[PDB]
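Here you get one chain, nothing else, as structure tokens; it is the form deposited in one PDB entry.
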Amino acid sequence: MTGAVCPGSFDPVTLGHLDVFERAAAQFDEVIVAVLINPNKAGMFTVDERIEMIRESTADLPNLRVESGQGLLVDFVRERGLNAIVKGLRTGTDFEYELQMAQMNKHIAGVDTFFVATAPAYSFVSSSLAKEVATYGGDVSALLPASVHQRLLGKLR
């Protein structure tokens, strides 16, 4: 029974994230999206709002489930009987940074990490940049799933 965990804050989930979810779900028997809460940086959406937006956007992925998590990511992964993390990468800079975390995670817990390259169309999309653009009235509707931009309107007003 194969599987992997896709970690992130997803505040909010973007089409870049969604593309990674779809690609992981096509290759693993199960995927768990882990919505990670930092009590320092309270973002725009609550953890429940983020989970709901991810579930709506992944409605057609039957082997994908979404949960919140806290603490050590590798503990979250092992607690669920898995030992793989899947993450999207956009740049070589991203790779150099994630490489250190991947090696640390494999060292401390034997959990592996599989990376996928961003889809070309979403290479410049990030939750943070989309929010910043939207805050000043930019149209990011083509960068976010449908279930998100509606809720994003509400938060900005």
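Residue indices: 1-based, along the sequence shown. For the two forms, the rigid core is made up of the largest set of C-alpha atoms that agree within 1.5 Å on superposition.
- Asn40 is a gap in at least a third of the other entries compared, counting only those with both neighbours built.
- Judged by mean Cα B factor in the deposited record, 42-50 ranks above the other of 42-50 and 92-100.
- Between 17-25 and 141-149, it is 141-149 that carries the larger average Cα temperature factor according to the deposited entry.
- Between the residues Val33, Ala119, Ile37, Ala59, the entry's highest C-alpha temperature factor is the one at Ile37.
- The PDB entry assigns its highest CA temperature factor, among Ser127, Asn63, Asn105, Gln70, to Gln70.
- Among all modelled residues in its chain, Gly8 ranks in the middle third by Cα B-factor.
The form deposited in another entry exists for this protein as well; it is not shown, and the discussion that follows is about that form.
- Of the residues listed here (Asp94, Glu67, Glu132, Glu56), only one shifts its CA by 2 angstroms or more between the shown form and the other one after fitting on the rigid core, and it is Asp94.
- Taking 2 Å as the criterion, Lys41 counts as shifted between the shown form and the other one: its C-alpha moves by at least this amount when the rigid core is aligned.
- Cα of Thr91 to Cα of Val125: at least 3 Å shorter in the other form than in the shown structure.
- A shift of at least 3 angstroms brings the Cα atoms of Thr93 and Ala34 nearer to each other in the other form than in the displayed structure.
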